[PDB]
Amino acid sequence: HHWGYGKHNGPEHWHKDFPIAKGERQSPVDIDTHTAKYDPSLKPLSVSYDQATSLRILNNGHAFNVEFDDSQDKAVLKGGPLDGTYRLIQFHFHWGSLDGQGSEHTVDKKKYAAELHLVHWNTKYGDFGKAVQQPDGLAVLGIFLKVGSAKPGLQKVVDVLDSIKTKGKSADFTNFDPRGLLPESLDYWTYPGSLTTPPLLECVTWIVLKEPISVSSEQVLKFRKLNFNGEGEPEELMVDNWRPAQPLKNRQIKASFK
Ligand SMILES: NS(=O)(=O)c1ccc(C(=O)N2CCCc3ccccc32)cc1
Ligand SMILES: [Zn+2]
């Protein structure tokens, strides 16, 4: 009886195995745009993805991860609110059953159709497993998806999904350029928070871009054909794999822009 997104094992149950679910710095959160303060001390984000080495795509039973070679500083995030160098390890998405829900963060209570998370770990801790035990161990770059025009840079991802339909399936996924998933603007909000799935560790500097990317209805429909279940098991469509907004508590969300 493992955690998931259903009635019986979904977010409102997670606290029983993972008591930190009710913690002081849990993610995601609603971003109230009027309350978020411009911080002129914040630097522009430095997204250095030119030398990124994608390797594989994995259906892990809760989402799909596009995995990168993080054995050296190739693809890194620095600047913004961060001190030091954060290495890209994987990206994944959260999405809905319909366009009106799917994002984890919200903006003045608005839910987007989906949310991209580019996950990075602080290289001063040496490995990812060490980093997740530190308050400044991870930096997750969050990008909203709205449904409209197709995102050309996402199509390679969409087209491989048929080959990783079920939990535990993986496929070779080399030479994928995540630059193709970014919006024009790197304006962002930032706050201290957590992983949004178990083990819900409070180890993340969140950086959420203001500008959504547009994807097509056909693109997101293909996400919704994935399966939570393993091969040969009763089909459970991988939809609504998002955690709702959590209490902000004693935290401040800062804006990089006026
Ligand atoms: N949605 S997110 O961007 O906040 C996110 C969530 C979880 C993770 C993540 O590495 N996992 C989660 C589950 C298995 C696991 C086991 C031990 C340490 C970390 C992890 C990474 C990024
Ligand atoms: Zn995520």
# chains A, B, ... in the order shown; residues from 1 in each chain; ligands from 1
call {"tool": "closest_atom_pairs", "arguments": {"of": "chain A", "to": "ligand 1", "cutoff": "10 Å", "atoms": "only C-alpha atoms and all ligand atoms", "output": "tab-separated table"}}
result
residue	atom	partner	partner_atom_place_in_ligand_line	distance
A:26	CA	ligand 1	4 (O)	9.8
A:27	CA	ligand 1	4 (O)	7.4
A:28	CA	ligand 1	4 (O)	8.1
A:60	CA	ligand 1	14 (C)	9.4
A:62	CA	ligand 1	13 (C)	9.3
A:63	CA	ligand 1	1 (N)	9.3
A:65	CA	ligand 1	21 (C)	9.5
A:89	CA	ligand 1	21 (C)	9.1
A:90	CA	ligand 1	21 (C)	8.1
A:91	CA	ligand 1	3 (O)	7.8
A:92	CA	ligand 1	3 (O)	7.4
A:93	CA	ligand 1	1 (N)	7.9
A:94	CA	ligand 1	1 (N)	7.9
A:104	CA	ligand 1	1 (N)	8.6
A:115	CA	ligand 1	1 (N)	9.4
A:116	CA	ligand 1	3 (O)	8.3
A:117	CA	ligand 1	3 (O)	5.1
A:118	CA	ligand 1	3 (O)	6.9
A:119	CA	ligand 1	3 (O)	5.8
A:120	CA	ligand 1	22 (C)	8.6
A:121	CA	ligand 1	21 (C)	9.7
A:128	CA	ligand 1	18 (C)	8.1
A:129	CA	ligand 1	18 (C)	6.5
A:130	CA	ligand 1	18 (C)	9.4
A:131	CA	ligand 1	18 (C)	9.3
A:132	CA	ligand 1	18 (C)	6.4
A:133	CA	ligand 1	18 (C)	8.8
A:138	CA	ligand 1	22 (C)	8.5
A:139	CA	ligand 1	3 (O)	8.7
A:140	CA	ligand 1	3 (O)	5.9
A:141	CA	ligand 1	3 (O)	8.1
A:142	CA	ligand 1	3 (O)	8.0
A:193	CA	ligand 1	4 (O)	8.8
A:194	CA	ligand 1	4 (O)	6.2
A:195	CA	ligand 1	4 (O)	3.3
A:196	CA	ligand 1	4 (O)	4.0
A:197	CA	ligand 1	6 (C)	4.8
A:198	CA	ligand 1	13 (C)	5.3
A:199	CA	ligand 1	13 (C)	5.8
A:200	CA	ligand 1	7 (C)	7.0
A:201	CA	ligand 1	19 (C)	7.6
A:202	CA	ligand 1	4 (O)	9.6
A:203	CA	ligand 1	4 (O)	9.4
A:204	CA	ligand 1	4 (O)	7.6
A:206	CA	ligand 1	4 (O)	8.8
A:241	CA	ligand 1	1 (N)	9.9
A:242	CA	ligand 1	1 (N)	8.6
A:243	CA	ligand 1	1 (N)	8.8
call {"tool": "select_by_dssp", "arguments": {"residues": "range 67-212 of chain A", "states": "strand (DSSP E)", "output": "ChimeraX atom specification"}}
result
/A:67-68,76-79,86-95,106-107,114-122,138-147,170-172,188-193,204-209
call {"tool": "write_last_selection", "arguments": {"atoms": "N, CA and C atoms", "output": "compact mmCIF listing (two decimals), in the first residue's frame"}}
result
# COMPACT_ATOMS: atom_id res chain seq x y z
N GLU A 67 16.50 11.72 -17.54
CA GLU A 67 17.69 11.67 -16.72
C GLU A 67 18.91 12.14 -17.47
N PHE A 68 19.78 12.82 -16.75
CA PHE A 68 21.00 13.41 -17.28
C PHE A 68 22.24 12.82 -16.62
N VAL A 76 24.29 23.12 -15.60
CA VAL A 76 24.23 23.68 -14.24
C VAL A 76 23.33 24.90 -14.16
N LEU A 77 22.82 25.07 -12.98
CA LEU A 77 22.06 26.22 -12.60
C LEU A 77 22.88 26.95 -11.52
N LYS A 78 23.03 28.26 -11.68
CA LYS A 78 23.68 29.11 -10.67
C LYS A 78 23.06 30.51 -10.74
N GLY A 79 23.48 31.37 -9.85
CA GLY A 79 22.95 32.71 -9.75
C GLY A 79 21.56 32.68 -9.19
N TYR A 86 24.76 24.17 -8.98
CA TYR A 86 23.76 23.11 -8.94
C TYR A 86 23.71 22.36 -10.28
N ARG A 87 23.87 21.05 -10.21
CA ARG A 87 23.95 20.17 -11.40
C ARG A 87 22.59 19.57 -11.74
N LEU A 88 22.20 19.67 -13.01
CA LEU A 88 20.96 19.09 -13.48
C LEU A 88 21.07 17.57 -13.38
N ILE A 89 20.11 16.93 -12.71
CA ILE A 89 20.03 15.46 -12.62
C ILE A 89 18.87 14.86 -13.42
N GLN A 90 17.70 15.51 -13.40
CA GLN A 90 16.54 15.01 -14.11
C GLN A 90 15.53 16.13 -14.26
N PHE A 91 14.68 15.99 -15.27
CA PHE A 91 13.43 16.72 -15.32
C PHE A 91 12.22 15.80 -15.44
N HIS A 92 11.08 16.33 -14.97
CA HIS A 92 9.78 15.64 -15.08
C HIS A 92 8.68 16.66 -15.04
N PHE A 93 7.47 16.19 -15.22
CA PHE A 93 6.29 17.08 -15.19
C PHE A 93 5.26 16.54 -14.20
N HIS A 94 4.33 17.42 -13.88
CA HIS A 94 3.05 17.12 -13.22
C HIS A 94 1.96 17.67 -14.11
N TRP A 95 0.86 16.94 -14.24
CA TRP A 95 -0.22 17.35 -15.13
C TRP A 95 -1.54 16.82 -14.69
N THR A 106 0.60 27.33 -7.88
CA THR A 106 -0.49 28.14 -8.45
C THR A 106 -0.12 29.62 -8.36
N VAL A 107 -0.79 30.43 -9.15
CA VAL A 107 -0.51 31.85 -9.25
C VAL A 107 -1.83 32.57 -9.00
N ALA A 114 -0.10 22.07 -16.58
CA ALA A 114 1.02 21.20 -16.18
C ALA A 114 2.14 22.08 -15.61
N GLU A 115 3.14 21.41 -15.05
CA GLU A 115 4.33 22.06 -14.47
C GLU A 115 5.54 21.19 -14.67
N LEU A 116 6.54 21.77 -15.30
CA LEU A 116 7.88 21.18 -15.54
C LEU A 116 8.79 21.51 -14.37
N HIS A 117 9.47 20.47 -13.87
CA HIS A 117 10.46 20.61 -12.80
C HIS A 117 11.82 20.11 -13.28
N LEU A 118 12.76 21.04 -13.41
CA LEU A 118 14.17 20.73 -13.69
C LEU A 118 14.94 20.71 -12.37
N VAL A 119 15.37 19.52 -12.00
CA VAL A 119 15.91 19.23 -10.68
C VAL A 119 17.41 19.26 -10.67
N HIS A 120 17.97 20.04 -9.74
CA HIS A 120 19.43 20.25 -9.65
C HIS A 120 19.91 20.07 -8.23
N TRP A 121 21.12 19.57 -8.06
CA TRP A 121 21.69 19.37 -6.70
C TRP A 121 22.99 20.13 -6.53
N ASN A 122 23.21 20.57 -5.29
CA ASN A 122 24.33 21.41 -4.92
C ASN A 122 25.60 20.58 -4.89
N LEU A 138 19.09 21.20 -2.92
CA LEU A 138 18.50 21.15 -4.24
C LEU A 138 18.00 22.51 -4.70
N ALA A 139 17.96 22.68 -6.00
CA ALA A 139 17.31 23.84 -6.66
C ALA A 139 16.45 23.25 -7.74
N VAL A 140 15.15 23.55 -7.69
CA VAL A 140 14.23 23.08 -8.71
C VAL A 140 13.68 24.30 -9.42
N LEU A 141 13.87 24.27 -10.72
CA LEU A 141 13.39 25.26 -11.65
C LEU A 141 12.01 24.76 -12.13
N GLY A 142 10.98 25.53 -11.79
CA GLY A 142 9.60 25.23 -12.11
C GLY A 142 9.06 26.10 -13.23
N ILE A 143 8.45 25.47 -14.25
CA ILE A 143 7.97 26.18 -15.45
C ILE A 143 6.53 25.73 -15.70
N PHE A 144 5.61 26.67 -15.77
CA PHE A 144 4.21 26.36 -16.03
C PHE A 144 3.97 26.05 -17.49
N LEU A 145 3.03 25.14 -17.74
CA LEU A 145 2.54 24.84 -19.10
C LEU A 145 1.08 25.22 -19.23
N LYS A 146 0.81 26.02 -20.28
CA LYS A 146 -0.54 26.31 -20.71
C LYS A 146 -0.76 25.67 -22.07
N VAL A 147 -2.03 25.41 -22.35
CA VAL A 147 -2.41 24.76 -23.63
C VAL A 147 -2.76 25.84 -24.69
N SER A 170 11.73 1.93 -19.24
CA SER A 170 12.66 3.00 -19.59
C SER A 170 13.01 2.88 -21.09
N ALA A 171 13.53 3.97 -21.63
CA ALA A 171 14.04 4.00 -23.01
C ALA A 171 15.28 4.91 -23.10
N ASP A 172 16.21 4.56 -23.96
CA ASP A 172 17.34 5.40 -24.29
C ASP A 172 16.76 6.80 -24.70
N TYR A 188 11.46 35.31 -12.32
CA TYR A 188 11.08 34.22 -11.41
C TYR A 188 10.64 34.70 -10.04
N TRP A 189 9.94 33.79 -9.38
CA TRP A 189 9.68 33.86 -7.94
C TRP A 189 10.54 32.80 -7.24
N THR A 190 10.91 33.07 -6.00
CA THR A 190 11.70 32.08 -5.24
C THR A 190 11.30 32.05 -3.78
N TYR A 191 11.35 30.82 -3.23
CA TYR A 191 11.07 30.59 -1.82
C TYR A 191 11.67 29.26 -1.39
N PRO A 192 11.93 29.08 -0.09
CA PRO A 192 12.46 27.81 0.43
C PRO A 192 11.35 26.81 0.62
N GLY A 193 11.53 25.61 0.13
CA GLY A 193 10.54 24.60 0.25
C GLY A 193 11.05 23.20 0.22
N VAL A 204 14.87 22.10 -0.74
CA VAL A 204 14.74 22.74 -2.05
C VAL A 204 14.66 24.26 -2.00
N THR A 205 15.50 24.92 -2.78
CA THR A 205 15.30 26.31 -3.17
C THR A 205 14.47 26.28 -4.43
N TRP A 206 13.21 26.70 -4.35
CA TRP A 206 12.31 26.78 -5.51
C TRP A 206 12.54 28.04 -6.26
N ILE A 207 12.57 27.88 -7.58
CA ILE A 207 12.68 28.99 -8.50
C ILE A 207 11.62 28.73 -9.57
N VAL A 208 10.57 29.52 -9.56
CA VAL A 208 9.40 29.30 -10.43
C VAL A 208 9.30 30.44 -11.42
N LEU A 209 9.39 30.10 -12.71
CA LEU A 209 9.38 31.14 -13.75
C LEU A 209 7.97 31.74 -13.89
call {"tool": "select_by_dssp", "arguments": {"residues": "range 38-194 of chain A", "states": "helix (DSSP H, G or I)", "output": "number ranges by chain"}}
result
A: 123-125, 128-131, 152-164, 178-181
call {"tool": "atom_distance", "arguments": {"atom1": "CA of residue 248 in chain A", "atom2": "CA of residue 21 in chain A"}}
result
12.8 Å
call {"tool": "atom_distance", "arguments": {"atom1": "CA of residue 237 in chain A", "atom2": "CA of residue 210 in chain A"}}
result
29.4 Å
call {"tool": "closest_residue", "arguments": {"among": "A:178, A:44, A:80, A:102", "to": "ligand 2", "atoms": "only C-alpha atoms and all ligand atoms"}}
result
A:102
call {"tool": "decode", "arguments": {"residues": "range 122-246 of chain A", "atoms": "C-alpha atoms", "output": "PDB file, in the first residue's frame"}}
result
ATOM      1  CA  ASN A 122      24.331  21.411  -4.923  1.00  0.00           C
ATOM      2  CA  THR A 123      27.780  20.099  -5.879  1.00  0.00           C
ATOM      3  CA  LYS A 124      29.236  21.100  -2.498  1.00  0.00           C
ATOM      4  CA  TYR A 125      27.542  17.988  -1.055  1.00  0.00           C
ATOM      5  CA  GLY A 126      29.178  15.641  -3.567  1.00  0.00           C
ATOM      6  CA  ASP A 127      26.192  13.441  -4.414  1.00  0.00           C
ATOM      7  CA  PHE A 128      22.430  13.787  -4.692  1.00  0.00           C
ATOM      8  CA  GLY A 129      21.712  11.546  -1.740  1.00  0.00           C
ATOM      9  CA  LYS A 130      23.795  13.777   0.500  1.00  0.00           C
ATOM     10  CA  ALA A 131      22.317  16.948  -0.988  1.00  0.00           C
ATOM     11  CA  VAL A 132      18.698  15.990  -0.174  1.00  0.00           C
ATOM     12  CA  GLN A 133      19.636  15.953   3.542  1.00  0.00           C
ATOM     13  CA  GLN A 134      20.589  19.668   3.422  1.00  0.00           C
ATOM     14  CA  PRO A 135      18.416  22.802   3.503  1.00  0.00           C
ATOM     15  CA  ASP A 136      20.265  24.201   0.512  1.00  0.00           C
ATOM     16  CA  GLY A 137      20.806  20.850  -1.236  1.00  0.00           C
ATOM     17  CA  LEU A 138      18.496  21.153  -4.241  1.00  0.00           C
ATOM     18  CA  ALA A 139      17.315  23.839  -6.661  1.00  0.00           C
ATOM     19  CA  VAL A 140      14.225  23.078  -8.706  1.00  0.00           C
ATOM     20  CA  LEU A 141      13.388  25.262 -11.645  1.00  0.00           C
ATOM     21  CA  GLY A 142       9.596  25.226 -12.110  1.00  0.00           C
ATOM     22  CA  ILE A 143       7.969  26.180 -15.451  1.00  0.00           C
ATOM     23  CA  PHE A 144       4.205  26.364 -16.027  1.00  0.00           C
ATOM     24  CA  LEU A 145       2.541  24.845 -19.097  1.00  0.00           C
ATOM     25  CA  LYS A 146      -0.542  26.311 -20.707  1.00  0.00           C
ATOM     26  CA  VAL A 147      -2.410  24.761 -23.627  1.00  0.00           C
ATOM     27  CA  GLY A 148      -2.241  26.653 -26.909  1.00  0.00           C
ATOM     28  CA  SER A 149       0.414  26.425 -29.630  1.00  0.00           C
ATOM     29  CA  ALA A 150       2.700  23.393 -29.710  1.00  0.00           C
ATOM     30  CA  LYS A 151       6.139  23.550 -28.114  1.00  0.00           C
ATOM     31  CA  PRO A 152       8.458  22.196 -30.754  1.00  0.00           C
ATOM     32  CA  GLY A 153      11.155  21.334 -28.255  1.00  0.00           C
ATOM     33  CA  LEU A 154       8.831  19.067 -26.331  1.00  0.00           C
ATOM     34  CA  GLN A 155       7.815  16.852 -29.267  1.00  0.00           C
ATOM     35  CA  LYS A 156      10.785  14.430 -28.906  1.00  0.00           C
ATOM     36  CA  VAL A 157       9.638  13.778 -25.336  1.00  0.00           C
ATOM     37  CA  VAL A 158       5.963  13.296 -26.373  1.00  0.00           C
ATOM     38  CA  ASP A 159       6.957  10.823 -29.117  1.00  0.00           C
ATOM     39  CA  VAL A 160       8.892   8.438 -26.847  1.00  0.00           C
ATOM     40  CA  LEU A 161       6.083   8.116 -24.279  1.00  0.00           C
ATOM     41  CA  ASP A 162       4.424   5.239 -26.136  1.00  0.00           C
ATOM     42  CA  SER A 163       7.562   3.202 -25.401  1.00  0.00           C
ATOM     43  CA  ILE A 164       7.459   3.802 -21.613  1.00  0.00           C
ATOM     44  CA  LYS A 165       3.706   3.434 -21.060  1.00  0.00           C
ATOM     45  CA  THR A 166       3.880   1.570 -17.764  1.00  0.00           C
ATOM     46  CA  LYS A 167       5.746   1.729 -14.454  1.00  0.00           C
ATOM     47  CA  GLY A 168       9.371   0.491 -14.588  1.00  0.00           C
ATOM     48  CA  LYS A 169       9.736   0.934 -18.331  1.00  0.00           C
ATOM     49  CA  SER A 170      12.655   2.997 -19.587  1.00  0.00           C
ATOM     50  CA  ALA A 171      14.035   4.002 -23.015  1.00  0.00           C
ATOM     51  CA  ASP A 172      17.338   5.398 -24.294  1.00  0.00           C
ATOM     52  CA  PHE A 173      16.928   9.207 -24.504  1.00  0.00           C
ATOM     53  CA  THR A 174      20.166  10.731 -25.605  1.00  0.00           C
ATOM     54  CA  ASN A 175      20.931  14.132 -27.153  1.00  0.00           C
ATOM     55  CA  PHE A 176      17.768  15.838 -25.822  1.00  0.00           C
ATOM     56  CA  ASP A 177      18.324  19.622 -25.365  1.00  0.00           C
ATOM     57  CA  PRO A 178      16.325  21.018 -22.420  1.00  0.00           C
ATOM     58  CA  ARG A 179      16.944  24.573 -23.627  1.00  0.00           C
ATOM     59  CA  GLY A 180      14.019  23.855 -25.893  1.00  0.00           C
ATOM     60  CA  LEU A 181      11.640  23.773 -22.924  1.00  0.00           C
ATOM     61  CA  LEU A 182      12.436  27.249 -21.572  1.00  0.00           C
ATOM     62  CA  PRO A 183      10.298  30.386 -21.999  1.00  0.00           C
ATOM     63  CA  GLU A 184      11.784  33.657 -23.340  1.00  0.00           C
ATOM     64  CA  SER A 185      11.918  35.343 -19.936  1.00  0.00           C
ATOM     65  CA  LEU A 186      13.832  34.074 -16.869  1.00  0.00           C
ATOM     66  CA  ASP A 187      11.862  36.340 -14.489  1.00  0.00           C
ATOM     67  CA  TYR A 188      11.078  34.222 -11.411  1.00  0.00           C
ATOM     68  CA  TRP A 189       9.678  33.864  -7.938  1.00  0.00           C
ATOM     69  CA  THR A 190      11.704  32.083  -5.235  1.00  0.00           C
ATOM     70  CA  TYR A 191      11.070  30.595  -1.821  1.00  0.00           C
ATOM     71  CA  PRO A 192      12.463  27.814   0.434  1.00  0.00           C
ATOM     72  CA  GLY A 193      10.536  24.600   0.253  1.00  0.00           C
ATOM     73  CA  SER A 194      10.483  20.875  -0.237  1.00  0.00           C
ATOM     74  CA  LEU A 195      10.275  17.949  -2.592  1.00  0.00           C
ATOM     75  CA  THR A 196       6.579  17.706  -3.674  1.00  0.00           C
ATOM     76  CA  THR A 197       6.544  13.887  -3.531  1.00  0.00           C
ATOM     77  CA  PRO A 198       7.576  11.552  -0.716  1.00  0.00           C
ATOM     78  CA  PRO A 199       9.958  11.695   0.990  1.00  0.00           C
ATOM     79  CA  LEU A 200       8.911  15.385   0.996  1.00  0.00           C
ATOM     80  CA  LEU A 201      12.340  16.475   2.244  1.00  0.00           C
ATOM     81  CA  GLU A 202      12.797  20.164   3.075  1.00  0.00           C
ATOM     82  CA  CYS A 203      15.878  20.589   0.921  1.00  0.00           C
ATOM     83  CA  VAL A 204      14.742  22.743  -2.050  1.00  0.00           C
ATOM     84  CA  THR A 205      15.298  26.313  -3.165  1.00  0.00           C
ATOM     85  CA  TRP A 206      12.315  26.783  -5.511  1.00  0.00           C
ATOM     86  CA  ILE A 207      12.685  28.989  -8.500  1.00  0.00           C
ATOM     87  CA  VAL A 208       9.398  29.305 -10.427  1.00  0.00           C
ATOM     88  CA  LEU A 209       9.383  31.143 -13.754  1.00  0.00           C
ATOM     89  CA  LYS A 210       6.641  33.755 -14.271  1.00  0.00           C
ATOM     90  CA  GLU A 211       6.310  33.093 -18.006  1.00  0.00           C
ATOM     91  CA  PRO A 212       4.549  29.832 -18.939  1.00  0.00           C
ATOM     92  CA  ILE A 213       5.443  27.810 -22.024  1.00  0.00           C
ATOM     93  CA  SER A 214       2.686  26.908 -24.433  1.00  0.00           C
ATOM     94  CA  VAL A 215       2.153  23.281 -25.441  1.00  0.00           C
ATOM     95  CA  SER A 216      -0.527  21.887 -27.707  1.00  0.00           C
ATOM     96  CA  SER A 217      -3.639  19.964 -26.659  1.00  0.00           C
ATOM     97  CA  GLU A 218      -2.270  16.988 -28.648  1.00  0.00           C
ATOM     98  CA  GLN A 219       1.028  17.147 -26.693  1.00  0.00           C
ATOM     99  CA  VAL A 220      -0.626  17.098 -23.234  1.00  0.00           C
ATOM    100  CA  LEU A 221      -3.149  14.446 -24.358  1.00  0.00           C
ATOM    101  CA  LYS A 222      -0.147  12.185 -24.927  1.00  0.00           C
ATOM    102  CA  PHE A 223       1.069  12.719 -21.347  1.00  0.00           C
ATOM    103  CA  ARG A 224      -2.406  11.605 -20.260  1.00  0.00           C
ATOM    104  CA  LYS A 225      -2.056   8.237 -22.044  1.00  0.00           C
ATOM    105  CA  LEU A 226       0.689   7.109 -19.748  1.00  0.00           C
ATOM    106  CA  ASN A 227      -0.040   4.643 -16.956  1.00  0.00           C
ATOM    107  CA  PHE A 228       0.641   4.627 -13.223  1.00  0.00           C
ATOM    108  CA  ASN A 229       0.364   0.789 -13.253  1.00  0.00           C
ATOM    109  CA  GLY A 230       2.940  -1.796 -14.336  1.00  0.00           C
ATOM    110  CA  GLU A 231       2.711  -3.851 -17.541  1.00  0.00           C
ATOM    111  CA  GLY A 232      -0.261  -6.198 -17.688  1.00  0.00           C
ATOM    112  CA  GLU A 233      -1.976  -4.624 -14.641  1.00  0.00           C
ATOM    113  CA  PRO A 234      -5.387  -2.904 -14.787  1.00  0.00           C
ATOM    114  CA  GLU A 235      -4.967   0.392 -16.594  1.00  0.00           C
ATOM    115  CA  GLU A 236      -4.816   3.479 -14.363  1.00  0.00           C
ATOM    116  CA  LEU A 237      -4.165   6.538 -16.490  1.00  0.00           C
ATOM    117  CA  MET A 238      -1.280   8.731 -15.247  1.00  0.00           C
ATOM    118  CA  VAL A 239      -3.231  11.945 -14.722  1.00  0.00           C
ATOM    119  CA  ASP A 240      -3.555  14.357 -11.766  1.00  0.00           C
ATOM    120  CA  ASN A 241      -0.087  13.527 -10.424  1.00  0.00           C
ATOM    121  CA  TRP A 242       0.136  16.885  -8.645  1.00  0.00           C
ATOM    122  CA  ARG A 243       0.235  17.765  -4.979  1.00  0.00           C
ATOM    123  CA  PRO A 244      -1.987  20.732  -4.036  1.00  0.00           C
ATOM    124  CA  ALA A 245      -0.732  23.968  -2.497  1.00  0.00           C
ATOM    125  CA  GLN A 246       0.508  23.701   1.069  1.00  0.00           C
TER     126      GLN A 246
END
